[PDB]
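What follows is a single chain, given as structure tokens, in the form deposited in one PDB entry.
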């Protein structure tokens, strides 16, 4: 079981039933964050002081304190062409769609 890292995640809109309102793109890579968040939390990613302390307590007694969790810390957008609820055609940039870096929190 590797540590917190960014892993592949293929998003297919038709598989999700969104092919009836999303025109393009029909699929894109979104990635996801998964892995172990145990001491030492890698310091170059600048984890919050709370995560640092919680990880320490988790290392002291994992039975009593749970560890931090591997979640996205930096997300980038993608543009999508769809049909809104008013039957208008819209080309919008959706925020926080692709994961760029992971971190323990």
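Definition used throughout: the rigid core is the maximal C-alpha set that superposes within 1.5 Å between two forms. Residue numbers count along the first chain shown, from 1.
The protein also exists as the form deposited in another entry; that form is not presented, and the subsequent description refers to it.
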- Task: Inspect the rigid-core superposition and answer whether the C-alpha of residue 21 shifts by 2 angstroms or more between the shown form and the other one.
- Result: yes
### residue 84: Cα shift of 2 Å or greater between the shown form and the other one (core-aligned)
yes
- prompt: After superposition on the rigid core, does the Cα atom of residue 56 shift by at least 2 Å between the shown form and the other one?
  reply: no
The CA atoms of residue 18 and residue 34 move 3 Å or more in that other deposited form, ending up farther
Relative to the shown structure, Cα residue 85 and Cα residue 96 in that other deposited form (3 Å or more change) are farther
